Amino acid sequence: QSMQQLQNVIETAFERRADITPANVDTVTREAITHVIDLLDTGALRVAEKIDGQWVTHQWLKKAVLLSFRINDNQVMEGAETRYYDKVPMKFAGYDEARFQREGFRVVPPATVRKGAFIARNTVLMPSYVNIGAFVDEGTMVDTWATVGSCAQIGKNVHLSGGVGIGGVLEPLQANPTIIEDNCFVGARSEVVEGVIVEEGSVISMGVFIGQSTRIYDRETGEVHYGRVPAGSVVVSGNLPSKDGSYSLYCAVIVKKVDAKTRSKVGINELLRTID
């Protein structure tokens, strides 16, 4: 209700978004937008959440994020050897040692995160990027040059290996973000985009690139999945052949299904050695 009234401000401002700019927005609307982003930043709110077993996307939070662009000017940011120019502030810009100590994760230079993304305890941010509206749950490792795009929901004990990208979804408002459920491993150079949902304890190896159009071939059943990686799927890069046999095109291949559970990297590597 306090929350209902916050949402009210957002839904009202967004309907008139066309005429909102940094120099005309009233103080109530600004503070409200900023409060939402603050709640997203602390994980008190989140853009999508799993309710009664289904992923629900809260449109009004995406409105809030969009409005946060519209109401803030780009500003110069001092970078020591370089300068920047952007309108989304840095999550940690203000964090002090006490706050870092209390929240219990690690941010490894030059890893950065935009204000408005939630990073949970026992996470390790290797040099990587986490965009606004994202949620990175406890125990998760984000490896070097990995990216957690806007609004993505990364569960607990997830491993985003080096250079793995999880695609942002801000617009359309109605579209769910990309979702990597608890215990998932995503191997080096892989990309999961466009609101694909990787169910819990899946194991995606290197260089597996999955958007909504990507064929996920279940070699056991012969079925082609789109848009969703079944829980416990072990998935690797492959191709499907043309009717000809004269060429073949990329796909992901489900090559084993395992029980969905927290796994070490050593464990993952050993499971990937266990495939035909």
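Start at 1 with the first residue shown and count on from there.
> Can you tell me which stretch has the higher mean Cα B-factor, 6-14 or 256-264?
That would be 256-264.
> Given the B-factors recorded for C-alpha atoms, which segment has the greater mean, 124-132 or 98-106?
The stretch with the larger average C-alpha B-factor is 98-106.
> Of the choices 86, 143, 78, 137, which one's C-alpha carries the largest B-factor in the record?
Highest C-alpha B-factor among the listed residues goes to 78.
> Highest Cα temperature factor in the entry, among the options 93, 166, 206, 198: which one is it?
Of the candidates given, the C-alpha B-factor peaks at 93.
> Lowest, middle or highest third: where is residue 68 by Cα B-factor in its chain?
Lowest third of the chain for residue 68's C-alpha B-factor.
> Give the position of residue 52 by CA B-factor within its chain, expressed as the lowest, middle or highest third.
Answer is highest: the recorded C-alpha B-factor places it there.
> Would you please rank residue 158 by its C-alpha temperature factor against the other modelled residues of its chain and give the third it falls in: lowest, middle or highest?
Ranked within chain, residue 158 CA B lands in the middle tercile.
> Splitting the chain's C-alpha B-factors into thirds, which one does residue 170 fall into?
As the PDB entry reports it, the C-alpha B-factor of residue 170 lands in the highest third of its chain.
> Can you work out whether the C-alpha temperature factor of residue 31 puts it in the lowest, middle or highest third of the chain?
Within its chain, residue 31 is a middle-third residue by C-alpha B-factor, going by the deposited values.
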